[PDB]
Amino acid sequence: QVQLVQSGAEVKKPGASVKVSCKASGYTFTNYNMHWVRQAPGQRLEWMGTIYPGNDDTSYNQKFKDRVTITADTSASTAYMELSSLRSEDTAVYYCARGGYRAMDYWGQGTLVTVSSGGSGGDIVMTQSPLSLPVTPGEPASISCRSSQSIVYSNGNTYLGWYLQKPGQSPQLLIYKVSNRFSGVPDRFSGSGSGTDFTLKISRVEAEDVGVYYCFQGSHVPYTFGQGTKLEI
């Protein structure tokens, strides 16, 4: 009865390290490879690397170079995966799977690893709504932007910006510092809010305003954009 048992779920701040264990039982540990596959929520499976516990011969996905170490204890029939310098894109379920060199057969129950906030290097999630804004000319439009943490910088300023990417063109700056219009932008565009909740208000939508609107935070490295708001007539 082949059975792969992993450690419990883990929550870590960005920049830390996780070590997920994988207990194997029901087969001979030393005549099978162990693979490690992750899956970000709502995405595809991603192979991270493998190991042969007979001689600890590892093979790694170079995307995770210098971050992942896949070790094995043959006397404990256990494998381990350690991922360091965690960023927000590492929040995923981490599966171990037995198998051969080039295919997996039996998997573990997976380990959930959630990269939170309050560390160095984490994303400030910029969540816009709606993701599609149909509107007739002259009719007003309001685009909201929510941040997972406060965009207030240590000097007291809030470095939230708004960008417009018209179809087939590069982005252009509209609002900087929450509510300051840039040079050539009309009086129709306006920004407001503070803390974690912001809004871009177009008083009179026109035909030249069709495009994708992004909000942007510059207070915390890495600087993060929003999901994008597709404006259309």
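Each residue number is its position in the shown sequence, starting from 1.
The PDB entry reports B-factors from which the mean C-alpha value can be compared for 107-115 and 141-149; the larger average falls on 141-149. Stretches compared: 52-60, 200-208. Higher mean C-alpha B-factor in the entry: 200-208. Within the listed group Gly156, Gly99, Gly161, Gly121, the record reports its top CA B-factor for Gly121. Per the deposited record, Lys166 carries the highest C-alpha B-factor of all listed residues (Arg38, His35, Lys177, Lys166). Looking at the C-alpha B-factors along this chain, the one for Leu86 belongs to the middle third.
The entry lists a Cα temperature factor for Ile70 that places it in the lowest third of the chain's modelled residues.
Ranked within its chain, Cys22 lands in the lowest third, by CA B factor from the PDB record. The PDB entry assigns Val221 a C-alpha temperature factor belonging to the lowest third of its chain's modelled residues.
In the deposited entry, the Cα temperature factor of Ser129 places it in the highest third of its chain's modelled residues.
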